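Enquirer: once you've seen the sequence and the experimental structure below, I've got questions.
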Amino acid sequence: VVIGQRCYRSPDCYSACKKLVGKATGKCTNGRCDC
């Protein structure tokens, strides 16, 4: 899901996404995570 874990690069959430659902997914949306 989209989270307020601010981004730098496209991922800048992958790690979280992996530990949240299981895989390094999601992108950089409005400088916030879109997983």
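Expert: Happy to help now that I have it. Numbers count the residues shown, from 1 in each chain.

Enquirer: if I look at the nearest residue to residue 33 once chain neighbours are set aside, how far off is residue 30?
Expert: Distances taken as Cβ to Cβ, 6 or more residues apart in numbering place residue 13 nearest to residue 33, at 3.7 Å, with adjacent residues excluded. Any C-beta I mention is one placed from the backbone N, CA and C, and that applies to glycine too. Computed with Cβ to Cβ, to the nearest Å, the distance linking residue 13 and residue 30 is 13 Å.

Enquirer: which one's more surrounded, those two?
Expert: For residue 13 against residue 30, the residue with the higher neighbour count under other Cβ atoms under 10 Å is residue 13, and the figures read 25 against 9.

Enquirer: list the contacts of the more buried one.
Expert: 3, 5, 7, 26, 27, 28, 33, 34, 35 (Cβ atoms under 8 Å, 6 or more residues apart in numbering).

Enquirer: can you get me a residue count around the fifth one?
Expert: Taking other Cβ under 10 Å as the neighbour definition, residue 27 ends up with a count of 16.
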